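So the structure is just underneath, and the comments pick up after that.
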Amino acid sequence: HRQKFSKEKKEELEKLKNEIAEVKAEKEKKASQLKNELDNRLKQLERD
Amino acid sequence: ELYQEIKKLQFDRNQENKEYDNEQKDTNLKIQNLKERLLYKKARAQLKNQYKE
């Protein structure tokens, strides 16, 4: 019981940690993408 | 000799069951807490990115 349940939960926790790290990565990636969207919109409108 | 080892073995069983329950509960709690931390990080990420949008 100890070994099976502990390995199950350790793998689940590693899953959760990787998800959280990728979630922060998504935070920053969305930041960059949305700032780029804003800049492209502004520059195209400026050239217009 | 056999009775004494039986007694020690019984006590080992009792304690080990204690630690089994403890570890099971604790690691389930840790899984829940990791899921909740992922939830909050997703919340901040998505909200900050929405305001970037």
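Chain labels follow the order of the structure tokens: the first chain is A, the next B, and so on; residue numbering restarts at 1 in every chain, and ligands are counted from 1 in their shown order.
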Expected answer as a PyMOL selection string: chain A residues within 7 Å of chain B, only C-alpha atoms: chain A and resi 2+5+9+12-13+16-17+19-20+23-24+26-27+30-31+34-35
